[PDB]
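Those protein sequence lines, which keep their order, are chains E, A, B, D and C.
Count the first sequence with PDB author numbering and you get residues 5 to 53, 55 to 315, in order.
Its first residue numbered 5, the second sequence is counted upward by one per residue in PDB author numbering.
Its first residue numbered 5, the third sequence is counted upward by one per residue in PDB author numbering.
Its first residue numbered 5, the fourth sequence is counted upward by one per residue in PDB author numbering.
Its first residue numbered 5, the fifth sequence is counted upward by one per residue in PDB author numbering.
Ideal Cβ positions, reconstructed from N, Cα and C, are used throughout, including at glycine.
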Amino acid sequence: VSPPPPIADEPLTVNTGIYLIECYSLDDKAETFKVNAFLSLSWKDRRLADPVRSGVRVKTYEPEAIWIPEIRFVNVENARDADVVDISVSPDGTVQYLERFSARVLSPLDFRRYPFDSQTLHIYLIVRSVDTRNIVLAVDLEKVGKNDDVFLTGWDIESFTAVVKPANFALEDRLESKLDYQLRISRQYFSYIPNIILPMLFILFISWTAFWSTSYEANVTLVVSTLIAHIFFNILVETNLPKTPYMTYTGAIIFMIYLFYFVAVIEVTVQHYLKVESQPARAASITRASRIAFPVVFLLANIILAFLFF
Amino acid sequence: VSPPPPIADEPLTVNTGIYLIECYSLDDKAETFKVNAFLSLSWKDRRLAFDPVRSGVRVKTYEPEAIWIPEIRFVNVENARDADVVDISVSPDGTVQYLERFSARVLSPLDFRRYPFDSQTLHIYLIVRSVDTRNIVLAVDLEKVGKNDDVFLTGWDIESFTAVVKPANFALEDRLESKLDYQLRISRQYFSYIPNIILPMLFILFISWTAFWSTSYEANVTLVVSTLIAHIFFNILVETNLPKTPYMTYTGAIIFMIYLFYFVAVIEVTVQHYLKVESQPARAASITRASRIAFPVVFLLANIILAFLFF
Amino acid sequence: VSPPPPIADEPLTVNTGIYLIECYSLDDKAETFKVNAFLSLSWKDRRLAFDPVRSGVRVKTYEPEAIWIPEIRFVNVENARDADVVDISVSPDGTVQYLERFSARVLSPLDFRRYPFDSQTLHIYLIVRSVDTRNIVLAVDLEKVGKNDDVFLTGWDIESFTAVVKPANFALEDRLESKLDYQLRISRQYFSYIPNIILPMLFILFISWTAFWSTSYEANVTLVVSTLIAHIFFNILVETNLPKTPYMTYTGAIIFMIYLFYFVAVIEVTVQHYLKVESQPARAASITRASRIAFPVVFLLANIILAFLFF
Amino acid sequence: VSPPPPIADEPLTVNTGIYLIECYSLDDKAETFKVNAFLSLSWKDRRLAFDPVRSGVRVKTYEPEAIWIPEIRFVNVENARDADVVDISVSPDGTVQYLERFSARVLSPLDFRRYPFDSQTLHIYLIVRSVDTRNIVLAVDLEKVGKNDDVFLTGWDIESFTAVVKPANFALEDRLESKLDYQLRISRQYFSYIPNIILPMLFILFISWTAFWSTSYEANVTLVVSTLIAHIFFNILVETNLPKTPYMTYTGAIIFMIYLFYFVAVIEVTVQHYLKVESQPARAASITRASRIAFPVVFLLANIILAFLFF
Amino acid sequence: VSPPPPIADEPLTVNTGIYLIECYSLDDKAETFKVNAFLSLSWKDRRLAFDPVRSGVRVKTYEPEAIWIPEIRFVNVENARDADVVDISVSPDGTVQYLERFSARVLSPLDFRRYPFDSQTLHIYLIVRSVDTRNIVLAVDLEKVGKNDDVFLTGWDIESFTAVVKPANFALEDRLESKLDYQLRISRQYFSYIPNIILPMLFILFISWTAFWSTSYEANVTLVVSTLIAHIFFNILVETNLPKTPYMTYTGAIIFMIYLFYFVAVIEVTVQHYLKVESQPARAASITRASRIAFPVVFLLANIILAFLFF
Ligand SMILES: [Cl-]
Ligand SMILES: [Cl-]
Ligand SMILES: [Cl-]
Ligand SMILES: [Cl-]
Ligand SMILES: [Cl-]
Ligand SMILES: [Cs+]
Ligand SMILES: [Cs+]
Ligand SMILES: [Cs+]
Ligand SMILES: [Cs+]
Ligand SMILES: [Cs+]
Ligand SMILES: [Cs+]
Ligand SMILES: [Cs+]
Ligand SMILES: [Cs+]
Ligand SMILES: [Cs+]
Ligand SMILES: [Cs+]
Ligand SMILES: [Cs+]
Ligand SMILES: [Cs+]
Ligand SMILES: [Cs+]
Ligand SMILES: [Cs+]
Ligand SMILES: [Cs+]
Ligand SMILES: [Cs+]
Ligand SMILES: [Cs+]
Ligand SMILES: [Cs+]
Ligand SMILES: [Cs+]
Ligand SMILES: [Cs+]
Ligand SMILES: [Cs+]
Ligand SMILES: [Cs+]
Ligand SMILES: [Cs+]
Ligand SMILES: [Cs+]
Ligand SMILES: [Cs+]
Ligand SMILES: [Cs+]
Ligand SMILES: [Cs+]
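Structural data, given as structure tokens:
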């Protein structure tokens with residue numbers, strides 16, 4: 005088989021569509037997601053073109070019987086697992102191809118606002134031109150969509166749209182036609198509140214009870230113990246995320262909280278030192294100031310951080 | 005090969021059945037389960053009809069390639085099913101009986117609201133897309149729906165395996181699609197959660213309450229802080245066995261509430277020490293004595309409220 | 005190809021054998037094990053009879069596609085076996101001798117009641133479904149059932165590999181099925197559990213009992229709470245190596261019971277401090293002295309009771 | 005099919021090119037990375053030559069099976085590459101232009117000496133074996149070597165993708181082999197190691213040094229021992245992200261050295277308490293005051309020495 | 005195709021060779037390693053002989069399907085090898101030279117007795133099953149046994165790759181089997197275990213011994229209990245990198261013994277406090293002073309005894 009010949013000099017237009025059946029396994033660390041979808045293709049092959058004499062409105066072909074464009078995905082781990090569903094030819098020779106495929110897609114994620122982040126996942130469709138003729142891709146919006154039951158655990162699916170204009174470019178001395186299918190998602194931040202955020206705030210506030218205690222030994226226990234629990238939360242959080250060349254919102258708060266523990270240790274030390282030196286009136290002034298300063302600076306620093314990130 | 009032609013304008017009815025051989029790997033975090041089953045298909049193909057007398061046979065056995073077979077797929081699968089055709093049998097009137105053994109990884113959402121005292125309805129959705137030649141509709145042959153008695157899903161009790169007899173017929177890309185819903189009802193075996201997570205978590209909490217019979221601030225700080233850290237370990241342990249949910253689970257609610265009890269116990273321990281240092285131990289004693297009753301009482305009532313909201 | 009025809013009315017007997025080459029990956033949590041073995045099959049197909057004089061050869065070698073081969077499957081597998089045909093030898097009378105080497109991941113439930121001092125009977129179920137033309141039945145050729153001497157299952161001792169000679173013949177989806185049960189008896193190597201989990205867990209418990217020779221409440225709180233936390237770590241460690249069971253395991257029972265000992269030790273430490281503060285140390289001393297004997301004695305008797313209930 | 009015959013006695017030159025589409029999964033522990041790329045091949049096959057005029061075609065397309073194609077392999081791969089032929093074009097003189105898209109898991113050793121401030125040269129080795137008919141040699145077509153601008157390797161910066169133009173020709177199993185070295189230069193994005201591991205580890209160390217402004221032995225023991233345990237947690241965390249090396253890494257050196265600082269701080273805390281108990285606090289005060297300067301000073305100088313030895 | 009016929013009554017000798025290209029993924033817990041290698045085979049097939057002067061061709065290249073090839077398998081593999089035929093060459097006398105490149109996951113038991121100062125002999129067992137026509141025997145062509153210089157197994161030193169030249173010929177299921185043993189000798193790179201596990205574990209133990217220069221019971225309890233917990237973390241860390249063994253490993257022995265030292269140190273700290281409370285500090289002082297010498301001395305001698313028993 006060979007490509008359909010051009011009537012004039014026009015490129016062959018392959019109309020495309022992707023209909024999402026299943027979305028699963030959005031892996032934050034790997035920056036991948038798995039997809040199960042319908043891929044629809046349409047092009048004119050005049051060699052395949055009478056409905057009156059044939060009495061048949063449509064002809065069904067097997068993939069091997071006809072010429073089919075070599076369509077690939079750019080951002081996949083391995084080539085897609087595809088099963089042809091149907092091939093239908095209209096009297097004028099317009100071919101309608103439908104396959105169901107599954108693929109693991111590589112799509113970078115922006116963790117800057119984590120866990121209050123949104124992402125635009127991409128599925129890039131591509132075709133390489135043949136020596137005989139140039140192949141160009143188009144979007145049939147009537148064949149772009151997603152099943153209502155499509156659920157991505159821990160995310161809300163906003164939209165699935167295609168950028169209608171392909172990116173046509175040369176690659177290894179041939180033309181290449183690339184389409185961008187976009188899946189907009191937003192993270193379900195709910196669970197982060199009772200599981201990570203609030204527990205982390207509770208332990209921090211517990212360290213601040215040391216500002217109402219003169220017992221150095223109890224203070225050391227309060228600040229050091231809670232710091233260790235903060236380290237456990239820091240480790241827990243970093244296990245759910247990849248290493249980023251930037252600060253994430255959570256990372257910033259987690260990092261800042263270390264400074265609060267560090268300054269609380271200095272305060273607890275200074276307080277004890279003065280007490281030992283028979284200067285408790287002064288220690289009392291530092292401790293009383295700390296009772297206001299620590300929560301106030303904590304609130305303002307968080308307002309500043311939320312402002313820089315959102 | 006082409007589909008059986010319609011005598012009038014009727015849709016072709018494909019009778020289906022699923023017989024479960026194996027159920028394994030119910031992954032809570034992934035919301036998947038693996039299945040090994042028999043898939044049975046039956047439809048009328050008049051072009052295959054024969055006379056028993058003339059042929060000298062009452063049944064005809066074909067190879068899948070020799071005859072037309074409907075393109076049946078599963079909606080909620082990761083990848084297409086691994087299937088091996090077992091038998092194809094044709095009766096004199098052209099009634100085809102197809103049997104395949106398949107294995108598949110199924111995506112089926114789980115409701116964790118009552119975890120670990122939860123029940124689930126797992127779904128296996130069978131689907132067929134119509135052809136230009138004709139419309140294909142699915143039906144359930146109840147005589148061919150079932151499960152082996154030895155089918156066990158580790159950590160779960162299997163209640164029933166039934167099919168919703170009426171298919172969901174709908175248009176998808178200007179073609180009729182016919183969808184059947186096979187339902188596997190399961191209930192979680194909550195037993196092990198009691199000695200492994202629930203009771204240990206209650207023991208450490210009750211141990212933090214011994215601080216209400218102690219005037220030693222340093223010992224109290226050690227009791228409340230140490231047990232809080234152990235509670236954090238249980239919280240982490242629990243969340244590793246579960247996916248992130250946009251709602252509160254029953255266990256999650258109790259785990260979260262217990263933090264409030266630790267937080268208030270720290271305030272009490274602090275207030276008690278502060279008053280002692282201020283030479284007002286009589287007040288401190290009143291707060292501590294009240295706490296001995298208040299903490300277990302509020303804990304019990306809060307748990308009755310939570311169990312009520314969840315069950 | 006179609007099945008061999010019956011001389012009279014008898015079912016077709018397919019003689020089977022499994023020879024284990026490798027055993028690996030016994031996964032306790034998954035209740036699976038991987039197997040690499042020879043599967044031997046033998047049946048008479050008179051349509052393959054030949055004259056050694058005419059054909060030159062005394063035994064014919066065939067390709068699987070060239071002749072009729074029974075559709076033999078495993079019941080308790082995750083996916084269909086990975087099989088490679090080693091030989092298909094046909095003798096003059098038409099007796100087929102089929103040999104394949106296969107690898108498969110087998111689902112076989114495990115009884116954890118006596119863990120880590122448990123023994124198991126793993127099963128490999130061979131099955132054949134009957135056809136319309138004729139009924140197929142399985143048999144065991146004991147001469148072709150065995151295992152390589154080098155077969156080792158990491159962390160287990162292999163006792164025996166035998167087959168239940170009588171197949172289980174039954175109806176399934178309006179056809180006959182013939183099922184054979186191959187049994188691999190194994191016993192767990194409990195050795196490593198002693199220095200890694202059991203003894204460390206006993207040492208920390210005995211360390212908490214040193215609080216019965218101390219009047220220091222703050223040190224006692226540190227002794228009992230610290231060791232309890234270490235016990236939680238061991239509890240977590242143990243539960244990671246096991247699936248969730250609707251019953252108590254031997255280890256689980258001991259681990260759970262040890263929490264009660266920590267809980268009562270905290271009460272004792274609290275009661276002792278309370279009396280000391282109330283200026284009644286003579287009483288506190290009587291409780292502490294009694295605890296020095298009571299704790300180890302009750303621990304020993306409770307363990308004798310548990311070992312008795314479990315073994 | 006057989007190799008193109010030599011006009012004289014020359015070896016057959018196969019021109020190669022690799023164009024990277026995707027780079028992912030650089031696994032430090034495994035010392036592997038996954039690659040998705042275009043592999044281009046070019047050679048002259050006189051037997052396929054044609055006249056453009058009498059043919060009416062300027063180029064001729066063939067299926068891989070129709071013509072002779074060199075058996076090109078990768079040396080440093082886990083399994084053979086997953087390849088799909090994209091195009092095979094033949095020009096009038098019989099110059100074949102082959103293009104495939106492949107994916108492979110590549111084994112490439114990493115030097116962790118300067119971790120996490122390290123750079124690496126990943127290798128993709130292309131190989132061809134000679135035939136008895138003729139010697140097959142590889143060449144680099146620089147015009148066909150490159151990478152997509154969107155190529156991102158999570159946690160790394162990609163510097164360059166170049167090929168060593170001169171192949172390494174050598175004998176292997178009595179046939180000559182022609183090997184090309186494609187090099188991907190990368191540098192680690194060390195950013196995240198600063199707020200996640202480096203700074204937290206420094207904070208806990210500095211917190212242990214507050215024991216030099218405390219006379220309370222019990223508080224000092226708590227400060228030094230608690231922070232040491234947190235340092236152990238960071239040590240464990242770091243070693244989980246790395247393979248076992250027969251050398252010291254930069255991070256490993258700092259982590260190891262910090263243990264010595266904790267060990268000496270414990271000795272100081274012990275010596276201080278011992279003297280205090282012996283009624284010699286003046287002395288203990290001299291040791292403690294010296295320690296306040298000595299510990300940070302020795303820490304700074306030791307780090308300058310280490311950075312010097314490693315960079 | 006059928007096997008080459010015997011000139012007299014001789015078995016067919018298949019000469020073998022394995023050339024290692026890649027060694028990776030030595031998994032201690034699984035007792036497996038992955039291999040990528042060349043497998044070379046050579047046998048005489050007279051039915052393929054040709055005249056060198058008449059033919060003009062010195063060697064004839066065949067496709068695997070065109071000629072008879074012996075069914076060579078690996079005994080100790082998880083699944084069948086992934087193999088790609090590289091070349092098939094026939095010399096005038098009919099000597100066949102076969103070459104394939106394969107990849108396989110090999111099961112090979114490991115002896116952990118001296119871990120992490122252990123050495124291993126990994127095995128790759130090559131096997132052939134005889135045919136009815138004739139017996140097939142394996143031989144080693146030492147000229148075709150080897151390994152690439154760049155072959156690196158992360159965390160190990162590769163010593164040698166040799167083959168036991170004499171095959172193990174035996175009957176299995178009424179046919180002869182010919183087995184060859186290819187041995188890869190490796191020694192563990194113990195370096196990293198010193199700064200990561202050994203030294204940190206010794207530091208915490210020595211820190212527990214500072215309690216012998218302290219009269220503070222509460223500080224002593226904190227020193228001994230805290231370091232014991234850190235020792236538990238190292239015990240857990242070590243056991244995660246190892247499978248469960250029915251014997252003691254060298255590291256396991258030291259780790260286990262260190263628990264006894266912690267246990268006795270707790271007894272000493274308890275006895276010391278008890279005597280102090282009983283107003284007998286002169287005695288407590290004698291026990292504490294003795295402990296300062298006894299603990300390090302008994303530790304050193306016990307380690308000399310253990311090293312002696314293990315090495
Ligand atoms: Cl693709
Ligand atoms: Cl499917
Ligand atoms: Cl099977
Ligand atoms: Cl390759
Ligand atoms: Cl093999
Ligand atoms: Cs085609
Ligand atoms: Cs594929
Ligand atoms: Cs496919
Ligand atoms: Cs829809
Ligand atoms: Cs068909
Ligand atoms: Cs499949
Ligand atoms: Cs299949
Ligand atoms: Cs039924
Ligand atoms: Cs049943
Ligand atoms: Cs239609
Ligand atoms: Cs303490
Ligand atoms: Cs067959
Ligand atoms: Cs299979
Ligand atoms: Cs196979
Ligand atoms: Cs036997
Ligand atoms: Cs045997
Ligand atoms: Cs070819
Ligand atoms: Cs491949
Ligand atoms: Cs392929
Ligand atoms: Cs380039
Ligand atoms: Cs580019
Ligand atoms: Cs040669
Ligand atoms: Cs062959
Ligand atoms: Cs294979
Ligand atoms: Cs292969
Ligand atoms: Cs030789
Ligand atoms: Cs070599």
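Under a CB-based cut-off of 8 Å, is C/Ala172 close to chain D? So, not an interface residue.
CA-to-CA distance, D/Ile271 to B/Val242, given in whole angstroms: In a straight line, the C-alpha of B/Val242 is about 37 Å away from that of D/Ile271.
E/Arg138 - DSSP class collapsed to helix/strand/coil: coil
Is any heavy atom of ligand 22 found at a distance shorter than 7 Å from the C-beta of C/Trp72? no
Taking only the alpha-carbon atoms, compute the straight-line gap between A/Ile233 and D/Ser212 and give it to the nearest angstrom. 21 Å
With H, G and I counted as helix, E and B as strand and the rest as coil, what does DSSP make of B/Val57? helix
Please report whether the beta-carbon of D/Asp122 lies at a distance below 8 Å from any beta-carbon of chain C. Between D/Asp122 and chain C, the shortest Cβ-Cβ separation is not below 8 Å.
Measuring CB to CB, does C/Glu35 end up less than 8 Å from C/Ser112? Contact: yes.
Over the uninterrupted alpha helix (DSSP H) stretch that includes D/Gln284, give me the two end residues. Taken as a continuous stretch (DSSP letters only), D/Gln284 belongs to no alpha helix (DSSP H), as it is neither H nor E.
How long is the line joining the alpha carbons of A/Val81 and A/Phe37, rounded to whole angstroms? 10 Å
Interface residues of chain C around residue 318 of chain B at Cβ under 8 Å? Only positions 5 to 315 of chain B appear in the structure, and residue 318 of chain B is not among them; the question remains open.
Contact test: A/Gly150 Cβ vs ligand 13 heavy atom, cutoff 7 Å: yes
Does the distance from the CB of C/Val169 to the CB of C/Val135 come in under 8 Å? Contact flag unset, no.
Assign residue 357 of chain B to one of two classes, buried (16 or more other C-beta atoms within 10 Å of its C-beta) or exposed (fewer than that). The structure shown does not extend to residue 357 of chain B, since chain B is modelled only from 5 to 315, so the question has no answer here.
Helix, strand or coil at E/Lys248 [DSSP, three-state]: coil
Quick check: is the beta carbon of B/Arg105 nearer than 8 Å to any beta carbon in chain C? Yes - at least one Cβ of chain C is within 8 Å of the one on B/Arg105.
With DSSP collapsed to three states, give me the class of C/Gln193. coil
May I ask you to list, following chain order, the residues of the stretch 21-35 of chain C that have a beta carbon less than 9 Å from some beta carbon of chain D? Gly21, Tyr23, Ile25, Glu26, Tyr28, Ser29
Between D/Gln284 and chain E, is there a C-beta pair that is closer than 8 Å? Residue contact check for D/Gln284 against chain E: no CB pair falls below 8 Å.
Beta-carbon contacts of E/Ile25 that lie in its chain and below 6 Å, excluding the five residues immediately before and after: Here E/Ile25 has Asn40, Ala41, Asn152 as same chain residues with Cβ atoms under 6 Å from its own Cβ, once five neighbours each way along the sequence are excluded.
Environment of B/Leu313 [buried if 16+ CB atoms lie within 10 Å]: exposed
Along the chain, where does the alpha helix (DSSP H) that runs through C/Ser44 open and close? Per DSSP, C/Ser44 belongs to no alpha helix (DSSP H); it is in the beta strand (DSSP E), 36-48.
Pop quiz: B/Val225 and A/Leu227 are said to be a contact at Cβ under 8 Å. What is the actual Cβ separation, rounded to whole angstroms? 6 Å
Nearest neighbour of E/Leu279, chosen from E/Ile76, E/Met252, E/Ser220, E/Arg133 [CA to CA]: E/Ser220
Please confirm whether A/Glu222 has its beta-carbon closer than 8 Å to some beta-carbon of chain B. yes
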